[PDB]
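Colleague: Protein chains in written order, with PDB author numbering: chain A, -1, 108 to 290; chain C, 319 to 342; chain B, 107 to 269.
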Amino acid sequence: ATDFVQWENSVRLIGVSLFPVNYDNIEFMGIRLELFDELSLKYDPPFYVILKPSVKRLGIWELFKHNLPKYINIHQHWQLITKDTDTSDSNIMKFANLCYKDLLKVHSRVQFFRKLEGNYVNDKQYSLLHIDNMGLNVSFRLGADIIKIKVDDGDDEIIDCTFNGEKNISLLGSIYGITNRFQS
Amino acid sequence: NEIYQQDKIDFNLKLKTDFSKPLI
Amino acid sequence: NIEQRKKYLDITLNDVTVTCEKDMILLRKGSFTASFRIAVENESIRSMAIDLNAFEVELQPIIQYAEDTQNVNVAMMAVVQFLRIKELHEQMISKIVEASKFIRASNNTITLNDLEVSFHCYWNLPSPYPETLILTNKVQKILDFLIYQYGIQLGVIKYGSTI
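(1) Quick one, which residues of the stretch 148 to 165 of chain B are near chain A if we go by CB-CB under 8 Å, in chain order?
(2) Mind checking if A:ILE187 is an interface residue toward chain C, Cβ cutoff 8 Å exclusive?
(3) Report all residues from its chain with a CB closer than 6 Å to the CB of B:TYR265; omit the five preceding and five following residues, and keep chain order.
(4) Which runs of the alpha helix (DSSP H) spanning at least 4 residues fall entirely within the stretch 116 to 190 of chain A, listed in chain order?
(5) With a CB to CB cut of under 6 Å and the five nearest residues on each side skipped, what residues in its chain are close to B:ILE269?
(6) With a threshold of 8 Å on Cβ separation, who are the neighbours of A:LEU139 within its own chain once the five nearest residues in sequence on each side are excluded?
(7) In chain C, what lies closer than 7 Å to B:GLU204 by C-beta?
(8) Taking A:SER123 as the query, report the chain B residues whose CB atoms sit under 8 Å from its CB, ordered along the chain.
(9) Quick one: what does DSSP say B:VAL122 is sitting in, helix, strand or coil?
(10) Return the CA-CA distance between A:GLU263 and A:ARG287, expressed in angstroms with no decimal places.
(11) Would you list, in sequence order, the uninterrupted beta strand (DSSP E) runs of no fewer than 3 residues that lie entirely inside the stretch 189 to 240 of chain B?
(12) I think A:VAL244 touches A:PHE219, with their Cβ atoms under 8 Å apart; what is that distance to the nearest whole Å?
(13) Quick one: which residues of the stretch 204 to 222 of chain A get their C-beta closer than 9 Å to a C-beta of chain C? List them in chain order.
(14) How would you label B:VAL180, buried or exposed, when you count the other beta carbons within 10 angstroms and need 16 or more for buried?
(15) Using alpha carbons as the reference points, say which of B:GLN246, B:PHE138 and B:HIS226 lies closest to C:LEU331.
(16) Closer than 8 Å is the cut-off here; do at least three beta carbon pairs connect the stretch 144 to 164 of chain B with the stretch 179 to 191 of chain A?
(17) Output the distance between the C-alpha atoms of B:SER153 and B:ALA145, rounded to the nearest integer angstrom.
(18) Check whether the Cβ of A:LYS256 lies closer than 8 Å to any Cβ atom in chain C.
(19) Hey, how far is the Cα of A:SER196 from the Cα of A:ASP266?
(20) Return yes when the Cβ of A:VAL216 is within less than 8 Å of the Cβ of A:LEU248, no when it is not.
(21) If we count the other Cβ atoms within 10 Å of its Cβ and call it buried at 16 or more, is B:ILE191 buried or exposed?
(22) Report the start-end ranges of each alpha helix (DSSP H) in the stretch 144 to 177 of chain B that is 4 residues or longer and not cut off at the edges.
(23) Do A:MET135 and A:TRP167 have their C-beta atoms closer together than 8 Å?
(24) Quick check on A:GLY283: does DSSP put it in helix, strand or coil?
(25) Report all residues from its chain with a CB closer than 6 Å to the CB of A:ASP150; omit the five preceding and five following residues, and keep chain order.
(26) Tell me the DSSP secondary structure of A:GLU223 in three-state form.
(27) For A:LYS200, decide whether its Cβ has a neighbour in chain C, counting only Cβ atoms nearer than 8 Å.
(28) In the DSSP assignment, find the alpha helix (DSSP H) that holds C:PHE329 and state where it starts and stops.
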């Protein structure tokens, strides 16, 4: 009867899952958000959002605690979906996937410039020199050149670039297409 | 436009027309 | 507590089912089956293989990325979110067709005289959350603003009135 753990861990691979948390004889609802790390080929530790039953109304969940990064607008997501009125299981999953969608977007952005480390691009070796927590400002070396880019968090578009300190436009555009713009 | 805001979430809607740019 | 954790996981999956068969993980939804095979040496994934019994073309972009990156996380979420959006498209298309002179022209297209409105889900890689794109063969800008103002259903219906 231990196949359950095997079944669950398989579900957890999806990245989003609900689970009960018992504390002080109250059953909290936990939202588990797990990201896969393509560099380590492992899953990172889960982020958590914890919901507590309301003591004021029936059928209402409330935000109790969480450890999501500060760039996740967790309270804007909760208000927009629930209005502090409808916290149905369906809305909670809508809220969970909305936070997870934003986590993946940032995660994938940082992972992109770290996966390029060591790889060769345009017969030139890539080396990452700096990247902020949100992957919106990046500096990397390609051969003997130094590229610095500023990214718009909304559309993942490279909006500003410098090539060896000089303004550049040939590398602008979607962030994940920069590897195809070096031929210029 | 509450309906559109909910549809954007449910459908992950992306409009073809970008109203942040000019329509020339 | 065992049974309550399954309750929450059943809620998580909703109408999707997950099953561990051999070293594979099967994602089922009414005869649809997505098979995920992973090889876990030490505590890390070294290889992955995906097999589908339907929507092979619709899922090729994101599934191709996941296999090229061994990212089972993006793979399984993309299938889950794909099954969800496709059902939402069917419901929305049906509501518009039944509530207006729009008629069902194909799986993803509705027509009103020479006006064509098409519903599309496409992968904005590497995101496993597909995006909805509603296209028309006439004035896209008017449709988009009406959708922006009144939402998908009313936007499309009101747009047909402008023709």
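From the three backbone atoms N, C-alpha and C, an ideal C-beta is built for every residue, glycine too.
Modeller: Let me spell this out:
(1) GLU149, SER150, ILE151 and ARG152
(2) yes
(3) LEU249 and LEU252
(4) 180 to 188
(5) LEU221
(6) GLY121, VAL122, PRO152, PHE153, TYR154, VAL155, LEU174, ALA202, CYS205, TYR206 and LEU209
(7) None at all; the shortest Cβ gap to chain C is about 18 Å.
(8) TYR114, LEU115 and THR118
(9) coil
(10) 13 Å
(11) 215 to 218 and 221 to 228
(12) 5 Å
(13) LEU204 and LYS207
(14) buried
(15) B:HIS226
(16) no
(17) 5 Å
(18) no
(19) 40 Å
(20) no
(21) buried
(22) 162 to 175
(23) yes
(24) helix
(25) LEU141 and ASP143
(26) coil
(27) yes
(28) 320 to 329
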